[PDB]
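Heads up, the thing below is written out as structure tokens.
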Amino acid sequence: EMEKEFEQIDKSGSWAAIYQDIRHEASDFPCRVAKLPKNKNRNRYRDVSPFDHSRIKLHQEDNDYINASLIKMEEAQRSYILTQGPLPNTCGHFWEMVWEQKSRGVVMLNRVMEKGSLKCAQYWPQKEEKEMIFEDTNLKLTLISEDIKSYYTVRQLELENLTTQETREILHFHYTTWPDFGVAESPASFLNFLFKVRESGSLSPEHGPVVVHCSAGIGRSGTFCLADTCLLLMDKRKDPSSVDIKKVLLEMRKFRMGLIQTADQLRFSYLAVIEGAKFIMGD
């Protein structure tokens, strides 16, 4: 049981050492498109770029670059798009990607402002009567409804391709209570949030991949998809105890660098999977 490894790592207080080992073993692939001069202002952080082989390409010949990666989990049969929080100049690209990739859900794990700085542009409308038009990509975005809860908020958005006037409903799942520093004591509310996304259909194979982002698109975003995939694998396998979280994380890091940004986040991912596995187990 992953839980035994957990308590072992706890007794010997070796979380930084386990986490460091993941950093060392993680894949390294080129990110040459991300690093081209003409793309400097499409990247929020210099040290966080999508690998060329897994990057999402916008369907435009001007510049197809967005800082976003397709994380395709073979065995789990789940795909995710991990991206950075949009920039003042990349909100049109963001919604273009959502349109072109046929996503049904957007999962946002940060607040627009955290620790007194902007982590992300205000990329969706806050009022029904003031829609947003992204002129560079010819999309219209309308707030349809908003359900604010204690730990998260779910919004129904209407995205319209102004070129063809097709419309789709996008579900926006906004986790609003990740603490500014470190991680929560109990994974309970994070798990609750994950199940709400799942229940929405947003993760389901009839749709394009869910779009997941925080500020850089690797820390909280990595936690979300790591926990989801681990739980999915435990449900599907004949031997659930066979699910190795470290091996899943390294597989995911083949598709985007830096997933899980601290040993705290690693430990929390364990916690979430272990606690979550209890519902998944039959209770």
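Residue numbers start at 1 in each chain; chains themselves are named A, B, ... in the order of the structure tokens; ligands are numbered from 1 in the order shown.
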
Return as a Markdown table the residues of segment 170-275 of chain A lying at most 7 Å from segment 47-68 of chain A, together with the closest atom-to-atom pair for each and the distance in Å to one decimal, counting only C-alpha atoms, with rows in chain order and ascending residue number.
```
| residue | atom | partner | partner_atom | distance |
| --- | --- | --- | --- | --- |
| A:216 | CA | A:48 | CA | 6.7 |
| A:255 | CA | A:54 | CA | 5.7 |
| A:256 | CA | A:50 | CA | 5.8 |
```

With only C-alpha atoms as the basis for distance, which of A:12, A:153, A:163, A:269 is at the shortest distance from residue 228 of chain A? A:269

Rank A:31, A:82, A:230, A:252 by their smallest atom-to-atom distance to residue 276 of chain A, using only C-alpha atoms, and report the top residue only. A:230

Would you list the contacts of residue 122 of chain A as a ChimeraX atom specification, taking every protein, DNA or RNA residue within 10 Å and counting only C-alpha atoms, but skipping same-chain residues closer than 3 positions in sequence? /A:85-88,91,111-113,118-119,125-126

Take the selection from the previous step and output its residues with N, CA and C atoms, as a PDB file, in the first residue's frame.
```
ATOM      1  N   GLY A  85      -1.462  30.239 -16.751  1.00  0.00           N
ATOM      2  CA  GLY A  85      -2.510  31.224 -16.677  1.00  0.00           C
ATOM      3  C   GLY A  85      -2.298  32.222 -17.787  1.00  0.00           C
ATOM      4  N   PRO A  86      -3.351  32.504 -18.554  1.00  0.00           N
ATOM      5  CA  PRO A  86      -3.199  33.366 -19.728  1.00  0.00           C
ATOM      6  C   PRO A  86      -2.615  34.716 -19.361  1.00  0.00           C
ATOM      7  N   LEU A  87      -1.958  35.318 -20.334  1.00  0.00           N
ATOM      8  CA  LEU A  87      -1.344  36.626 -20.211  1.00  0.00           C
ATOM      9  C   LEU A  87      -2.245  37.670 -20.823  1.00  0.00           C
ATOM     10  N   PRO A  88      -1.994  38.945 -20.540  1.00  0.00           N
ATOM     11  CA  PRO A  88      -2.845  39.988 -21.126  1.00  0.00           C
ATOM     12  C   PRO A  88      -2.974  39.847 -22.622  1.00  0.00           C
ATOM     13  N   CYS A  91      -5.002  35.790 -23.957  1.00  0.00           N
ATOM     14  CA  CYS A  91      -6.356  35.321 -23.681  1.00  0.00           C
ATOM     15  C   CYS A  91      -7.064  34.846 -24.955  1.00  0.00           C
ATOM     16  N   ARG A 111      -6.050  31.913  -7.835  1.00  0.00           N
ATOM     17  CA  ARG A 111      -6.807  33.149  -7.891  1.00  0.00           C
ATOM     18  C   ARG A 111      -6.100  34.121  -8.830  1.00  0.00           C
ATOM     19  N   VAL A 112      -6.863  35.073  -9.366  1.00  0.00           N
ATOM     20  CA  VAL A 112      -6.263  36.022 -10.293  1.00  0.00           C
ATOM     21  C   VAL A 112      -5.135  36.787  -9.611  1.00  0.00           C
ATOM     22  N   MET A 113      -5.343  37.183  -8.359  1.00  0.00           N
ATOM     23  CA  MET A 113      -4.297  37.789  -7.548  1.00  0.00           C
ATOM     24  C   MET A 113      -3.972  36.885  -6.368  1.00  0.00           C
ATOM     25  N   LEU A 118      -0.358  39.715  -9.693  1.00  0.00           N
ATOM     26  CA  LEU A 118      -1.227  39.081 -10.673  1.00  0.00           C
ATOM     27  C   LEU A 118      -0.598  37.772 -11.140  1.00  0.00           C
ATOM     28  N   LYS A 119      -1.299  36.669 -10.901  1.00  0.00           N
ATOM     29  CA  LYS A 119      -0.891  35.340 -11.330  1.00  0.00           C
ATOM     30  C   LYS A 119      -1.472  34.947 -12.684  1.00  0.00           C
ATOM     31  N   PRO A 125     -15.512  36.627 -18.509  1.00  0.00           N
ATOM     32  CA  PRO A 125     -16.324  37.771 -18.072  1.00  0.00           C
ATOM     33  C   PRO A 125     -16.886  37.544 -16.683  1.00  0.00           C
ATOM     34  N   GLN A 126     -16.874  38.603 -15.881  1.00  0.00           N
ATOM     35  CA  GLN A 126     -17.376  38.478 -14.525  1.00  0.00           C
ATOM     36  C   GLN A 126     -18.848  38.830 -14.401  1.00  0.00           C
TER      37      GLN A 126
END
```

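Ranking A:10, A:74, A:244, A:158 by their shortest atom-to-atom distance to residue 104 of chain A, with only C-alpha atoms included, puts A:158 first.
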
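Atom CA of residue 254 of chain A is found 28.1 Å from atom CA of residue 89 of chain A.
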
Nearby residues (only C-alpha atoms) at most 10 Å from residue 248 of chain A, same-chain spacing under 5 positions excluded, as a PyMOL selection string: chain A and resi 73+226-227+229-230+233+243+253

Please give the complete set of residues from segment 192-231 of chain A that DSSP, run on the backbone, assigns to strand (DSSP E), formatted as a PyMOL selection string. chain A and resi 210-213

Non-local contacts of residue 175 of chain A (8 Å; only C-alpha atoms; under 2 positions in same chain excluded) as a ChimeraX atom specification: /A:107-111,151-153,173,177-178,193

Pick from A:46, A:38, A:246, A:213: nearest to residue 81 of chain A, with only C-alpha atoms counted? A:213

Those in segment 131-231 of chain A with alpha helix (DSSP H) from DSSP, as a PyMOL selection string: chain A and resi 188-199+220-231

Would you output that residue set with N, CA and C atoms, as an mmCIF file, in the first residue's frame?
```
data_model
loop_
_atom_site.group_PDB
_atom_site.id
_atom_site.type_symbol
_atom_site.label_atom_id
_atom_site.label_comp_id
_atom_site.auth_asym_id
_atom_site.auth_seq_id
_atom_site.Cartn_x
_atom_site.Cartn_y
_atom_site.Cartn_z
ATOM 1 N N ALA A 188 -9.214 16.797 1.700
ATOM 2 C CA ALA A 188 -10.651 16.595 1.555
ATOM 3 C C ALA A 188 -11.265 17.536 0.527
ATOM 4 N N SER A 189 -11.003 18.836 0.648
ATOM 5 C CA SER A 189 -11.705 19.765 -0.228
ATOM 6 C C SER A 189 -11.162 19.711 -1.656
ATOM 7 N N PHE A 190 -9.871 19.441 -1.807
ATOM 8 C CA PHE A 190 -9.293 19.290 -3.133
ATOM 9 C C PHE A 190 -9.957 18.094 -3.824
ATOM 10 N N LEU A 191 -10.104 16.986 -3.117
ATOM 11 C CA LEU A 191 -10.737 15.800 -3.666
ATOM 12 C C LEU A 191 -12.190 16.063 -4.049
ATOM 13 N N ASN A 192 -12.895 16.754 -3.191
ATOM 14 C CA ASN A 192 -14.252 17.095 -3.448
ATOM 15 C C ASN A 192 -14.319 17.846 -4.759
ATOM 16 N N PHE A 193 -13.409 18.785 -4.946
ATOM 17 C CA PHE A 193 -13.332 19.560 -6.160
ATOM 18 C C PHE A 193 -13.058 18.665 -7.365
ATOM 19 N N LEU A 194 -12.085 17.781 -7.263
ATOM 20 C CA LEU A 194 -11.779 16.869 -8.364
ATOM 21 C C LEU A 194 -13.008 16.059 -8.768
ATOM 22 N N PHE A 195 -13.755 15.543 -7.787
ATOM 23 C CA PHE A 195 -14.947 14.762 -8.116
ATOM 24 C C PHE A 195 -16.007 15.618 -8.791
ATOM 25 N N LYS A 196 -16.112 16.893 -8.423
ATOM 26 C CA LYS A 196 -17.072 17.759 -9.104
ATOM 27 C C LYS A 196 -16.700 17.942 -10.567
ATOM 28 N N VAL A 197 -15.406 18.096 -10.860
ATOM 29 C CA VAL A 197 -14.983 18.170 -12.254
ATOM 30 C C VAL A 197 -15.365 16.882 -12.975
ATOM 31 N N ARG A 198 -14.986 15.740 -12.391
ATOM 32 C CA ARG A 198 -15.307 14.442 -12.972
ATOM 33 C C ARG A 198 -16.800 14.324 -13.245
ATOM 34 N N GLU A 199 -17.624 14.661 -12.246
ATOM 35 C CA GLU A 199 -19.065 14.491 -12.399
ATOM 36 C C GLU A 199 -19.623 15.351 -13.514
ATOM 37 N N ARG A 220 0.164 23.174 -8.868
ATOM 38 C CA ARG A 220 -1.197 22.744 -8.583
ATOM 39 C C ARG A 220 -1.787 21.976 -9.759
ATOM 40 N N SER A 221 -1.501 22.428 -10.979
ATOM 41 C CA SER A 221 -1.998 21.730 -12.154
ATOM 42 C C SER A 221 -1.484 20.296 -12.182
ATOM 43 N N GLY A 222 -0.200 20.101 -11.868
ATOM 44 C CA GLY A 222 0.330 18.752 -11.817
ATOM 45 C C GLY A 222 -0.333 17.928 -10.736
ATOM 46 N N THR A 223 -0.580 18.542 -9.586
ATOM 47 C CA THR A 223 -1.241 17.830 -8.501
ATOM 48 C C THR A 223 -2.598 17.305 -8.946
ATOM 49 N N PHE A 224 -3.389 18.166 -9.589
ATOM 50 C CA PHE A 224 -4.727 17.791 -10.027
ATOM 51 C C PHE A 224 -4.676 16.579 -10.951
ATOM 52 N N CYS A 225 -3.854 16.646 -12.002
ATOM 53 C CA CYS A 225 -3.904 15.547 -12.952
ATOM 54 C C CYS A 225 -3.179 14.310 -12.420
ATOM 55 N N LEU A 226 -2.164 14.482 -11.570
ATOM 56 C CA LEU A 226 -1.515 13.316 -10.970
ATOM 57 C C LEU A 226 -2.485 12.541 -10.084
ATOM 58 N N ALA A 227 -3.209 13.255 -9.222
ATOM 59 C CA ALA A 227 -4.183 12.596 -8.364
ATOM 60 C C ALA A 227 -5.287 11.947 -9.188
ATOM 61 N N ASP A 228 -5.822 12.656 -10.178
ATOM 62 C CA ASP A 228 -6.885 12.071 -10.992
ATOM 63 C C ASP A 228 -6.431 10.771 -11.652
ATOM 64 N N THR A 229 -5.255 10.790 -12.294
ATOM 65 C CA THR A 229 -4.797 9.615 -13.028
ATOM 66 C C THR A 229 -4.498 8.454 -12.088
ATOM 67 N N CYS A 230 -3.821 8.730 -10.968
ATOM 68 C CA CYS A 230 -3.581 7.682 -9.980
ATOM 69 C C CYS A 230 -4.891 7.011 -9.564
ATOM 70 N N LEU A 231 -5.914 7.793 -9.218
ATOM 71 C CA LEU A 231 -7.180 7.209 -8.775
ATOM 72 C C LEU A 231 -7.839 6.410 -9.895
#
```

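Considering the residues A:162, A:157, A:98, A:139 and counting only C-alpha atoms, residue 127 of chain A has its shortest atom-to-atom contact with A:157.
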
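Excluding residue 170 of chain A itself and any same-chain residue fewer than 6 positions from it, the protein and nucleic acid residues within 12 Å of it, counting only C-alpha atoms, are residues 95, 98, 99, 102, 103, 104, 105, 106, 107, 124, 141, 142, 143, 144, 145, 154, 155, 156, 157, 158, 159, 160, 200, 201, 202, 207, 208, 210 and 211 of chain A.
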
Expected file contents, prior selection, N, CA and C atoms, as a PDB file, in the first residue's frame:
```pdb
ATOM      1  N   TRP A  95      -8.522  30.865 -25.538  1.00  0.00           N
ATOM      2  CA  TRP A  95      -9.850  30.405 -25.921  1.00  0.00           C
ATOM      3  C   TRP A  95      -9.839  29.784 -27.312  1.00  0.00           C
ATOM      4  N   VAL A  98      -8.948  26.235 -26.538  1.00  0.00           N
ATOM      5  CA  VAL A  98     -10.113  25.539 -25.997  1.00  0.00           C
ATOM      6  C   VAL A  98     -11.067  25.158 -27.119  1.00  0.00           C
ATOM      7  N   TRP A  99     -11.297  26.082 -28.056  1.00  0.00           N
ATOM      8  CA  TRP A  99     -12.175  25.805 -29.189  1.00  0.00           C
ATOM      9  C   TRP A  99     -11.600  24.708 -30.081  1.00  0.00           C
ATOM     10  N   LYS A 102     -11.569  21.236 -28.625  1.00  0.00           N
ATOM     11  CA  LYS A 102     -12.877  20.661 -28.306  1.00  0.00           C
ATOM     12  C   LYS A 102     -13.021  20.346 -26.826  1.00  0.00           C
ATOM     13  N   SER A 103     -12.375  21.138 -25.979  1.00  0.00           N
ATOM     14  CA  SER A 103     -12.500  20.945 -24.544  1.00  0.00           C
ATOM     15  C   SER A 103     -13.890  21.365 -24.077  1.00  0.00           C
ATOM     16  N   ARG A 104     -14.387  20.646 -23.083  1.00  0.00           N
ATOM     17  CA  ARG A 104     -15.644  20.942 -22.420  1.00  0.00           C
ATOM     18  C   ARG A 104     -15.437  21.665 -21.102  1.00  0.00           C
ATOM     19  N   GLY A 105     -14.296  21.449 -20.451  1.00  0.00           N
ATOM     20  CA  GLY A 105     -14.021  22.075 -19.172  1.00  0.00           C
ATOM     21  C   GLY A 105     -12.684  22.798 -19.131  1.00  0.00           C
ATOM     22  N   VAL A 106     -12.651  23.856 -18.321  1.00  0.00           N
ATOM     23  CA  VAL A 106     -11.436  24.569 -17.921  1.00  0.00           C
ATOM     24  C   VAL A 106     -11.357  24.477 -16.401  1.00  0.00           C
ATOM     25  N   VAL A 107     -10.238  23.970 -15.890  1.00  0.00           N
ATOM     26  CA  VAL A 107      -9.981  23.867 -14.454  1.00  0.00           C
ATOM     27  C   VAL A 107      -8.940  24.927 -14.094  1.00  0.00           C
ATOM     28  N   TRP A 124     -12.035  35.626 -18.390  1.00  0.00           N
ATOM     29  CA  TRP A 124     -13.443  35.324 -18.577  1.00  0.00           C
ATOM     30  C   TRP A 124     -14.285  36.469 -18.021  1.00  0.00           C
ATOM     31  N   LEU A 141     -17.158  35.394 -25.742  1.00  0.00           N
ATOM     32  CA  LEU A 141     -17.279  34.636 -24.504  1.00  0.00           C
ATOM     33  C   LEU A 141     -18.275  35.322 -23.574  1.00  0.00           C
ATOM     34  N   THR A 142     -19.302  34.589 -23.149  1.00  0.00           N
ATOM     35  CA  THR A 142     -20.377  35.144 -22.331  1.00  0.00           C
ATOM     36  C   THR A 142     -20.541  34.345 -21.048  1.00  0.00           C
ATOM     37  N   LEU A 143     -20.548  35.043 -19.915  1.00  0.00           N
ATOM     38  CA  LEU A 143     -20.897  34.409 -18.653  1.00  0.00           C
ATOM     39  C   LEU A 143     -22.390  34.078 -18.651  1.00  0.00           C
ATOM     40  N   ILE A 144     -22.726  32.799 -18.529  1.00  0.00           N
ATOM     41  CA  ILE A 144     -24.118  32.348 -18.513  1.00  0.00           C
ATOM     42  C   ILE A 144     -24.630  32.169 -17.092  1.00  0.00           C
ATOM     43  N   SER A 145     -23.790  31.667 -16.198  1.00  0.00           N
ATOM     44  CA  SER A 145     -24.216  31.483 -14.823  1.00  0.00           C
ATOM     45  C   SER A 145     -22.988  31.179 -13.984  1.00  0.00           C
ATOM     46  N   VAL A 154     -18.136  27.281  -9.843  1.00  0.00           N
ATOM     47  CA  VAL A 154     -18.362  26.703 -11.139  1.00  0.00           C
ATOM     48  C   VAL A 154     -19.116  27.707 -11.983  1.00  0.00           C
ATOM     49  N   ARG A 155     -18.624  27.993 -13.163  1.00  0.00           N
ATOM     50  CA  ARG A 155     -19.270  28.917 -14.085  1.00  0.00           C
ATOM     51  C   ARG A 155     -19.643  28.196 -15.368  1.00  0.00           C
ATOM     52  N   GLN A 156     -20.797  28.547 -15.912  1.00  0.00           N
ATOM     53  CA  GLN A 156     -21.172  28.134 -17.253  1.00  0.00           C
ATOM     54  C   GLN A 156     -20.851  29.281 -18.188  1.00  0.00           C
ATOM     55  N   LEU A 157     -20.037  28.996 -19.195  1.00  0.00           N
ATOM     56  CA  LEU A 157     -19.641  29.983 -20.173  1.00  0.00           C
ATOM     57  C   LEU A 157     -20.133  29.535 -21.532  1.00  0.00           C
ATOM     58  N   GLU A 158     -20.451  30.507 -22.378  1.00  0.00           N
ATOM     59  CA  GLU A 158     -20.761  30.246 -23.773  1.00  0.00           C
ATOM     60  C   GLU A 158     -19.644  30.834 -24.612  1.00  0.00           C
ATOM     61  N   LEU A 159     -19.009  29.981 -25.402  1.00  0.00           N
ATOM     62  CA  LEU A 159     -17.934  30.373 -26.297  1.00  0.00           C
ATOM     63  C   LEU A 159     -18.473  30.279 -27.712  1.00  0.00           C
ATOM     64  N   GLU A 160     -18.358  31.363 -28.460  1.00  0.00           N
ATOM     65  CA  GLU A 160     -18.853  31.405 -29.825  1.00  0.00           C
ATOM     66  C   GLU A 160     -17.702  31.702 -30.765  1.00  0.00           C
ATOM     67  N   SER A 200     -18.949  16.451 -13.849  1.00  0.00           N
ATOM     68  CA  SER A 200     -19.429  17.344 -14.899  1.00  0.00           C
ATOM     69  C   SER A 200     -19.370  16.730 -16.299  1.00  0.00           C
ATOM     70  N   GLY A 201     -18.672  15.608 -16.484  1.00  0.00           N
ATOM     71  CA  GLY A 201     -18.394  15.104 -17.818  1.00  0.00           C
ATOM     72  C   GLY A 201     -17.182  15.727 -18.478  1.00  0.00           C
ATOM     73  N   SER A 202     -16.615  16.782 -17.883  1.00  0.00           N
ATOM     74  CA  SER A 202     -15.506  17.514 -18.485  1.00  0.00           C
ATOM     75  C   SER A 202     -14.290  16.635 -18.751  1.00  0.00           C
ATOM     76  N   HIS A 207     -15.271  14.193 -25.065  1.00  0.00           N
ATOM     77  CA  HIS A 207     -14.859  15.577 -25.237  1.00  0.00           C
ATOM     78  C   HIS A 207     -13.360  15.658 -25.486  1.00  0.00           C
ATOM     79  N   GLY A 208     -12.919  16.818 -25.964  1.00  0.00           N
ATOM     80  CA  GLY A 208     -11.507  17.122 -26.009  1.00  0.00           C
ATOM     81  C   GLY A 208     -10.928  17.108 -24.604  1.00  0.00           C
ATOM     82  N   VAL A 210      -9.591  18.153 -21.045  1.00  0.00           N
ATOM     83  CA  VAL A 210      -9.785  19.257 -20.114  1.00  0.00           C
ATOM     84  C   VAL A 210      -8.553  20.149 -20.138  1.00  0.00           C
ATOM     85  N   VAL A 211      -8.770  21.462 -20.037  1.00  0.00           N
ATOM     86  CA  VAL A 211      -7.675  22.424 -19.928  1.00  0.00           C
ATOM     87  C   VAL A 211      -7.483  22.752 -18.449  1.00  0.00           C
TER      88      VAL A 211
END
```

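Going from atom CA of residue 72 of chain A to atom CA of residue 259 of chain A covers 14.1 Å.
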
Straight-line distance linking atom CA of residue 42 of chain A with atom CA of residue 94 of chain A, stated in Å to one decimal: 10.7 Å
